[PDB]
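Protein chains: 4
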Amino acid sequence: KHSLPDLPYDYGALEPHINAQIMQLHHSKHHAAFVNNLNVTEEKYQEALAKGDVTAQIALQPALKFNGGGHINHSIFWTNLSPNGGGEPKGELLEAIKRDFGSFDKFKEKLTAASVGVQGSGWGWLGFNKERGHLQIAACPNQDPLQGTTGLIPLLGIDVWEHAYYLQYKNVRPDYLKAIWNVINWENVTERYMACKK
Amino acid sequence: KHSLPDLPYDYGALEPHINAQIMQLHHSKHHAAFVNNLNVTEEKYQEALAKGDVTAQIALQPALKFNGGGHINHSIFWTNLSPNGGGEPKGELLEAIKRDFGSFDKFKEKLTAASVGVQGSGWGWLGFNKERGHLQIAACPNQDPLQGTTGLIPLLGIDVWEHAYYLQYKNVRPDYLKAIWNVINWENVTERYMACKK
Amino acid sequence: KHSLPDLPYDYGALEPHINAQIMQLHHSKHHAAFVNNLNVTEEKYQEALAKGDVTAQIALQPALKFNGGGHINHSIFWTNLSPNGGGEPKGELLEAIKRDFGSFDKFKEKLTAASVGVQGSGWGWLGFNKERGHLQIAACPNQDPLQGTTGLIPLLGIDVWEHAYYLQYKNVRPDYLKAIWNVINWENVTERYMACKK
Amino acid sequence: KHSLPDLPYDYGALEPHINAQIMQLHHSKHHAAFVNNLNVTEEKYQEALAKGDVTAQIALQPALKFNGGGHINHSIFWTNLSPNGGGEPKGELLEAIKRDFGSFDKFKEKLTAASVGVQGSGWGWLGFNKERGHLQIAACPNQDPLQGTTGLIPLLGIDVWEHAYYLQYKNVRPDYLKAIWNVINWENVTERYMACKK
Ligand SMILES: [Mn+2]
Ligand SMILES: [Mn+2]
Ligand SMILES: [Mn+2]
Ligand SMILES: [Mn+2]
């Protein structure tokens with residue numbers, strides 16, 4: 058079974074950028090809903106798998122992808138943020154971003170464009186392509202996890218569901234996007250980059 | 058060509074079930090953004106169709122369905138809501154909700170369950186199947202409209218995008234559902250049934 | 058594990074309607090490919106499920122839906138056909154078709170229209186809706202199984218992939234559709250209807 | 058407005074790798090059906106756009122992308138095939154296939170694997186990413202064209218719909234793949250690279 062992990066900071070440590078009412082809620086409600094549904098569904102999968110029931114397996118695919126991706130997606134999201142966040146990353150990570158996007162600001166503009174373009178619920182991502190050996194930007198719908206659905210390795214993600222900035226920025230998604238860069242834990246993004254730089 | 062329709066009531070006429078902020082933001086900011094972007098899209102479309110560009114016609118599709126449906130979907134919504142609605146309809150429409158869904162009991166439950174079940178942004182609909190002559194409950198993702206995508210005639214629709222209840226009801230989608238049944242304009246729901254009960 | 062079931066007739070028992078070169082091939086090659094992939098994938102599912110790996114689970118969803126649906130779909134397909142097929146069904150099944158589609162020929166025209174309209178690979182289906190208590194016609198893409206993906210109970214299906222009539226009818230799909238009605242095992246379609254008439 | 062382009066060679070010029078029947082049927086029956094239905098669709102489109110009908114514009118979309126892309130996809134295909142092609146390209150394009158995919162060895166393998174992997178009807182593509190200035194291997198479902206759906210510039214495309222190899226190669230898709238490499242017009246593949254190597 059899975060569990061809800063604690064945050065590496067407080068519910069209000071991301072203020073004024075990300076409201077505390079949003080943070081506690083995004084964690085305790087939304088993210089918590091995900092892990093339980095994930096556990097219930099996973100067991101309903103074990104029931105039909107041993108049973109040899111393919112119809113049941115297939116019927117359980119959407120719930121499993123939604124709650125499972127919700128789990129995976131948000132878990133990586135928390136570690137991407139930090140009260141000691143913002144600025145430009147350093148070392149090899151910044152060189153890769155330069156080698157692949159020209160500069161840090163060109164990279165910023167694009168991840169902003171891809172996240173602001175998601176119609177309905179989705180996520181903006183910065184991923185490492187293990188095969189071609191370079192960084193890519195991708196957008197995923199609802200809770201579809203980046204790696205499970207694309208093979209790209211998730212370095213940095215931006216939750217652009219309306220429950221992630223509405224209480225604060227309302228229908229204005231670019232304001233939230235302008236702000237998110239000030240709480241980004243580049244320590245972690247580099248950390249995830251070293252693991253797959255293999 | 059397309060105009061933001063005026064609400065047939067004041068921004069706070071549906072209070073307490075839907076607070077005045079949500080209606081103002083929904084109508085003014087969201088619905089309006091669809092009209093404005095639909096206009097630019099159809100204009101960009103005449104341009105590509107005119108100079109036989111099929112790659113541009115295809116690339117423009119996502120935006121047209123999104124903004125086009127956003128405008129279609131919300132204009133309906135405003136007419137389905139009303140200060141003096143709620144409860145139950147009057148025989149003919151009720152006579153139908155009866156026969157096709159058991160009773161208003163199970164009809165509410167059916168629509169509530171379709172709406173609550175949407176993963177991410179979407180809508181729950183009570184439509185009319187003009188072939189079969191039967192009522193149907195259909196859920197559309199994002200801003201995909203009933204008719205254009207499924208062929209069903211829209212009678213009553215419930216927006217379940219998070220911008221429709223988050224400020225008030227927050228994370229509890231089902232709370233937004235039990236409360237919406239109060240502002241439902243059964244008079245208008247009936248109006249759509251009649252023009253198609255043929 | 059799963060296996061390839063034998064046909065309730067010979068590879069040429071459906072001539073002149075369905076070629077024998079098509080029949081043996083559709084079974085021994087296409088259908089056989091499905092069951093093995095189904096078994097390999099199912100075990101790769103058990104590996105990651107016990108491991109608690111959600112990324113792997115999600116990555117294996119498409120193969121599992123395609124080979125699993127391919128298995129389910131074709132298995133029902135064989136029992137739908139018969140050298141002693143064709144004509145109109147009798148008893149309750151025909152009354153239901155009349156009560157839901159007006160007549161047998163109106164039903165025929167529609168299942169023909171839905172199967173001839175599939176763009177790319179897909180299946181035409183006649184299903185029983187357990188909840189609304191009546192027959193419906195639906196079309197599914199590639200190998201997506203009807204019940205697992207819609208809840209409808211599969212009574213009769215028409216494989217409209219190009220590997221199902223090309224050697225014989227070439228790009229002409231309606232000819233194959235005109236012919237398929239002459240080998241339809243209505244004994245079985247009624248049989249599947251009794252089970253869900255519950 | 059749209060015309061069925063004439064083949065730049067005889068229906069049997071690519072023999073023995075693609076037999077004369079397949080080319081005749083592909084070009085004459087399939088490709089033609091797309092042109093004819095694309096024309097009727099765009100005409101139906103001007104009509105709905107003209108009288109501000111957004112429901113009809115949306116309902117017409119599936120057909121436009123299907124026939125529109127069918128015409129786009131095949132017209133390319135004919136120019137990518139040729140009596141005297143095969144082997145390897147000449148430096149500039151080869152210089153690129155080298156850098157981005159390792160070597161022609163792994164480039165063939167990469168495209169072959171993308172094509173063989175399609176579930177149902179589709180295409181494998183070698184495109185140009187005009188931002189990154191890099192070559193990319195992309196697979197499109199049904200008749201969804203590269204550019205209109207992904208933004209990549211199409212350089213070389215392999216049809217994997219069953220009507221492209223079934224009469225000859227039958228169920229063995231990979232046999233059709235190893236054989237197609239022989240008729241590949243590297244001269245034309247180069248032609249598309251040049252106009253975009255900017
Ligand atoms: Mn979230
Ligand atoms: Mn809305
Ligand atoms: Mn088949
Ligand atoms: Mn083709």
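Chains as they are written, first to last, in our numbering: chain S, 58 to 255; chain G, 58 to 255; chain Y, 58 to 255; chain R, 58 to 255. Ideal Cβ placement from N, Cα and C applies to all residues, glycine included.
Residue i (DSSP reduced to helix, strand or coil)
i                  : result
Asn-186 of chain S : strand
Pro-140 of chain G : coil
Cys-197 of chain Y : strand
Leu-71 of chain G  : coil
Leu-64 of chain S  : coil
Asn-228 of chain G : coil
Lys-86 of chain G  : helix
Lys-235 of chain S : helix
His-220 of chain G : helix
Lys-255 of chain G : coil
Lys-101 of chain Y : helix
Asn-76 of chain Y  : coil
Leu-203 of chain R : helix
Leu-95 of chain G  : helix
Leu-106 of chain R : helix
Exposed unless 16 or more other CB atoms sit within 10 angstroms - verdict on residue i
i                      : result
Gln-81 of chain R      : exposed
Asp-67 of chain Y      : exposed
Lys-122 of chain G     : buried
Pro-202 of chain Y     : buried
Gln-103 of chain S     : exposed
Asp-162 of chain R     : exposed
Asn-245 of chain R     : buried
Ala-221 of chain S     : buried
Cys-197 of chain Y     : buried
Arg-249 of chain G     : buried
residue 260 of chain R : Since the first residue shown for chain R is 58 and the last is 255, residue 260 of chain R is missing from the structure and cannot be characterised.
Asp-157 of chain G     : buried
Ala-107 of chain R     : exposed
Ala-116 of chain G     : buried
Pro-211 of chain Y     : buried
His-128 of chain G     : buried
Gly-109 of chain R     : exposed
Residues bridged to residue i [DSSP beta-bridge criterion]
i                  : result
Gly-214 of chain Y : Y:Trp-182
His-191 of chain R : R:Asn-186
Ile-241 of chain S : S:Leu-138
CB-CB length for residue i against residue j, believed under 8 Å
i                     : j                  : result
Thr-247 of chain Y    : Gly-159 of chain Y : With 8 Å as the limit, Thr-247 of chain Y and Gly-159 of chain Y do not qualify as a contact, their Cβ atoms being about 19 Å apart.
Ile-79 of chain S     : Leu-168 of chain S : Between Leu-168 of chain S and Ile-79 of chain S the Cβ distance is about 21 Å, and since that is not below 8 Å, they are no contact.
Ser-60 of chain G     : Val-97 of chain G  : Wrong, their Cβ atoms sit about 14 Å apart, outside the cutoff.
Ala-105 of chain S    : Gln-118 of chain S : Actually they are not in contact, since the Cβ atoms of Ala-105 of chain S and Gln-118 of chain S sit about 11 Å apart, beyond 8 Å.
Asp-232 of chain R    : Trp-180 of chain R : The Cβ separation is near 18 Å, so there is no contact.
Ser-172 of chain S    : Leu-213 of chain S : The pair is not a contact, with the Cβ atoms about 11 Å apart (cut-off 8 Å).
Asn-239 of chain G    : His-74 of chain G  : 5 Å
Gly-126 of chain S    : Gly-177 of chain S : The Cβ separation is near 15 Å, so there is no contact.
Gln-200 of chain R    : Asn-137 of chain R : 16 Å between Cβ atoms; not a contact.
residue 25 of chain S : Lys-187 of chain S : As displayed, chain S neither begins before 58 nor continues past 255, which places residue 25 of chain S out of reach and without an answer.
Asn-242 of chain Y    : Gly-142 of chain Y : 5 Å
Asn-94 of chain R     : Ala-70 of chain R  : In fact, because the Cβ distance is near 28 Å, the residues do not count as touching under 8 Å.
beta-carbon residue i near ligand 5 non-hydrogen atom, thresh 7 Å
i                  : result
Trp-135 of chain S : With respect to ligand 5, the structure shown offers nothing to examine, as its ligands consist of ligand 1, ligand 2, ligand 3 and ligand 4.
Checklist entry - Which full runs of the alpha helix (DSSP H) of 4+ residues lie inside the stretch 108–175 of chain G, going along the chain? => result 111–137, 151–158, 161–174
Next on the checklist: Beta carbons nearer than 8 Å to chain C: which residues of the stretch 212–241 of chain R have them?
Outcome noted: Considering every chain present, this structure includes no chain C. Its protein chains are S, G, Y and R.
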